[PDB]
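> To start, I am sharing the structure in question, which I have written as structure tokens.
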Ligand SMILES: *[C@H](O)[C@H](C[C@@H]1CCNC1=O)NC(=O)[C@H](CC1CCCCC1)NC(=O)[C@@H](NC(=O)OCC(F)(F)F)[C@@H](C)OC(C)(C)C
Ligand SMILES: *[C@H](O)[C@H](C[C@@H]1CCNC1=O)NC(=O)[C@H](CC1CCCCC1)NC(=O)[C@@H](NC(=O)OCC(F)(F)F)[C@@H](C)OC(C)(C)C
């Protein structure tokens, strides 16, 4: 028993982190096969940031402008290309520690692990969710750019995030590994703001199911509610609508606990309406929303990865 | 910015996990050099658990009773010895992925990462603290025994925990890597209970300093308080006494934020006295106590590990 915000083992991603240096900019890159992926603003300088034209900026660079440090070993760039907001630096050495891997663009509400890195050297690992507004509430300092987010499925690393920037509110924005920003953000230092975030309702429900599997039962009730009637109470409290597809995903957690999904929704309703009144759920005093249904099943049942 | 409950990168420990099987018991072991460490109750069976004599139980086993699975490779046990509550199975293969490593017995209040494992295969990584009552609020299912807790210091893995058992309250007990239980617990299925836990005050203070570094300032005040007067308010709310040694550890966090340690104690006092009144600190509605002063400095400043 117990329930922890749990990251995937990070050893497969640690083996891919490298330091990429160009001019006065140093950040992390991801080394898979003979290619290093990193944010394209690595080619910017201190006066390139206000409104850059990265095509113009990139035709001006040569391969020997890119210093790619892998441990105490310099990699040699032999070519470069830009796809959307990321550089691909082709290097002469294929990474022998290349895991099996995919690039995936995740939907909001989905979670992943972030291996935070500085100077190509992994510092820490934590769990995150894509917020409905396509930010992530990360922990990033300067030099953490090019750090990646990821899920692991059996033996395969699905890369889903690469870090570019902190917004003035202190949340973080970034791209998928093919370089497309999550959300409306560009990689240009301008006025930009997150957009009103909302709470991932389907995840809160999955976490309440986690609690029930782990002995917390005080918040349940006998009431039920229709899906329409739940979303009327949802939108007041700035929760996302629950779709019928959300209900079906929550099927196995309903089946294993014997609590119909619509009954857990009646629980959440009263929780939002009456507060928690000095009680806690899974050691938390707030309704947590960064566990997906995947996660709860993974952690409450025991799925590993080789 | 941001502040996350952050584990160390786990790749160095992942490379040491193995599956140890003996009779009907399968758990994880730790493979460093030519030795596999695992909990000694691996030699118990389903009727060996009520009150065992592990010396008697162990003189009865031969090396070929221990199946040591490392990936899809059987290791051969060539000898075995018991130190306190852990077996050391000597094997013919030295682990080539052996990190640099130490065994340390940590004080309560200290934190570490747990790489949760099943069948020798890492499943997840999370952060933990040794609770003042020598339990850990872990996330462990059946088969997670022999999973280890650890800190990383530069390039060296300080192993500090190995998992043995869940208590009826659902918290977890275990040994250091030299096999000495944390706390009064034995490895014998008996009536056993945790003992009244308390809140790690020095850690709560370090976390409030984290908040201040990250822009949360609402809980501060102009008041100060003496150390004695703080501990009078502490012991009511089941907090641990703050020692002068706790104050000095919190020095750099005092110096970097400009908030004298005794002034942050006056803040905590009013927080315990007046609640948080619907506000949150670092996205939390409870006073968090599983960041040490180390951690806050590590995460708010950027220390990595090669
Ligand atoms: C990468 O190492 C670095 C990490 C940042 C720094 C602090 N935590 C992080 O996540 N990334 C940057 O510093 C990034 C540079 C890059 C330059 C070309 C355009 C794309 C970004 N800049 C930022 O993260 C700044 N944010 C910002 O003002 O961008 C504009 C927008 F849209 F508002 F986000 C950071 C450094 O913000 C301030 C407020 C200046 C601290
Ligand atoms: C190792 O894989 C396994 C992990 C446990 C199971 C569920 N989560 C865990 O942390 N360890 C055990 O199951 C362990 C066996 C071992 C046998 C010889 C004596 C030392 C323990 N037993 C337990 O963790 C049980 N706890 C227990 O009752 O021990 C006595 C004490 F002191 F009360 F803790 C678990 C399985 O407890 C119950 C309540 C039966 C679920």
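Here Cβ is always computed from backbone atoms with ideal geometry, including for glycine, and neighbour counts include all displayed protein chains. FYI, it's all coordinate maths here, none of it is from the lab.
> Starting from 0 in steps of 5 Å, tell me what percent of the Cα-Cα pairs of region B:71-183 lands in each bin.
For region B:71-183, the pair-distance distribution reads 2, 11, 19, 24, 22, 13, 6, 2, 0.
> Taking neighbour Cβ counts within 10 Å as the exposure measure, how do A:78, B:200 sort from fewest upward?
Working: A:78 12, B:200 26.
Least crowded to most crowded, the residues run A:78, B:200.
> Taking the convex hull of the alpha carbon atoms in region B:15-99, what volume per residue do you get, in Å³?
On the way: hull volume 7.2 nm³, N = 85.
Spelled out: Cα convex hull of region B:15-99, divided by residues, is 85 Å³.
> Can you say what percent of the DSSP beta bridges in chain B, counting only those with both residues inside, are antiparallel? Round to 5.
Numbers: 49 of 54 bridges.
Around 90 percent of the beta bridges assigned by DSSP in chain B are antiparallel ones.
> Rank by packing, highest mean first: peptides A:152-158, A:292-298, with packing defined as the count of other Cβ atoms within 10 Å averaged across residues.
Final packing ranking: A:292-298, A:152-158.
> A further question on this structure: Considering every pair of different Cα atoms, what Kirkwood radius, in Å, is found for region A:220-306?
14.2
> At what distance in angstrom do the alpha carbon centres of region B:77-147 and region A:218-237 lie from each other?
Value for the Cα centre distance between the two parts: 43 Å.
> Rounded if a/c is under 1.5, else prolate if a/b is larger than b/c, else oblate: which is the protein assembly as shown, with a ≥ b ≥ c the root eigenvalues of its Cα gyration tensor? Write out the running numbers ahead of the final one.
Details: a/c = 1.41, a/b = 1.14, b/c = 1.24.
Because its axes are fairly even, with a/c under 1.5, the protein assembly as shown counts as rounded.
> Something else now. Suppose we keep just the DSSP beta bridges with both residues in the protein assembly as shown; what percent of those would be antiparallel, to 5? Could you put the intermediate results ahead of the total?
Numbers: 100 of 110 bridges.
If we restrict to bridges inside the protein assembly as shown, about 90 percent are antiparallel.
> Ok, one more. For region A:1-144, what relative contact order do you get, as a whole percent, if you take Cα pairs closer than 8 Å and at least 6 residues apart? Before the final figure, lay out the partial values.
Numbers: 263 pairs, mean separation 40.2, N = 144.
Over region A:1-144, the number comes to 28 percent.
> Restricted to Cα positions, what overall size does region A:1-152 have along the principal axes? Three whole-Å values, descending.
For region A:1-152, the Cα extents along the three principal axes come out at 56, 36, 24 Å.
> Shifting gears a bit: Taking just the alpha carbons, could you work out the radius of gyration and Dmax for region B:145-261, both in angstroms?
18.5, 53
> How many angstrom lie between the Cα centre of region A:264-306 and the Cα centre of region A:150-211?
Between the Cα centre of region A:264-306 and that of region A:150-211, the gap is 20 Å.
> Cut-off is 10 Å between beta-carbons; in what order do B:8, B:103, B:219 appear when sorted fewest neighbours first? Before the final figure, lay out the partial values.
On the way: B:8 25, B:103 15, B:219 18.
The most exposed by this proxy come first: B:103, B:219, B:8.
> Evaluate peptide B:82-93: per residue, the Cβ atoms of other protein chains within 10 Å of its Cβ; return the mean as an integer.
On the way: counts 0, 0, 0, 0, 0, 0, 0, 0, 0, 0, 0, 0.
Taking the mean over all residues of the peptide, I get 0.
> Please compute the contact order of chain B in relative form: average sequence separation of alpha-carbon pairs under 8 Å and at least six residues apart, divided by the residue count, as a percent. Display every interim value, and only then the final one.
On the way: 606 pairs, mean separation 54.1, N = 306.
It rounds to 18 percent for chain B.
> Looking only at other chains, what is the average number of their beta-carbon atoms within 10 angstrom of each beta-carbon in B:133-139? Walk me through the numbers on the way to the answer.
Numbers: counts 0, 0, 0, 1, 5, 4, 9.
The shielding value for this peptide is 3.
> Starting from the Cα coordinates of region B:188-232, work out the convex hull volume and express it per residue in Å³. Before the final figure, lay out each step's value.
Numbers: hull volume 6.4 nm³, N = 45.
Given the Cα convex hull of region B:188-232, per-residue volume reads 143 Å³.
> What per residue convex hull volume, in Å³, do the alpha-carbon atoms of region B:128-176 yield?
Working: hull volume 3.8 nm³, N = 49.
Residue-normalised Cα hull volume stands at 78 Å³.
> What is the diffusion coefficient of chain B in µm²/s, taking the Kirkwood radius over Cα pairs and the Stokes-Einstein relation at 37 °C with a viscosity of 0.692 mPa s?
Values: Rh = 20.8 Å.
The diffusion coefficient I find is 158 µm²/s.
> Tell me the relative contact order for region A:198-301 as a rounded percent, counting alpha carbon contacts under 8 Å between residues six or more apart.
Details: 113 pairs, mean separation 50.5, N = 104.
Answer for region A:198-301 is 49 percent.
> Let me ask you something else. Put the label 7 Å from Cα along Cα→Cβ for residue A:192; what are its distances to the other copies, in nanometres, shortest first?
List, nearest first: 5.4 nm.
> On average, how many beta carbons from a partner chain sit within 10 Å of the beta carbon of a residue in B:114-126? Working shown, then result.
Working: counts 2, 3, 7, 2, 3, 3, 2, 5, 8, 10, 16, 11, 10.
The shielding value for this peptide is 6.
> Could you line up B:14, A:270 from fewest to most neighbouring Cβ atoms inside 10 Å? Walk me through the intermediate numbers first.
Working: B:14 20, A:270 15.
The order, fewest Cβ neighbours first, is A:270, B:14.
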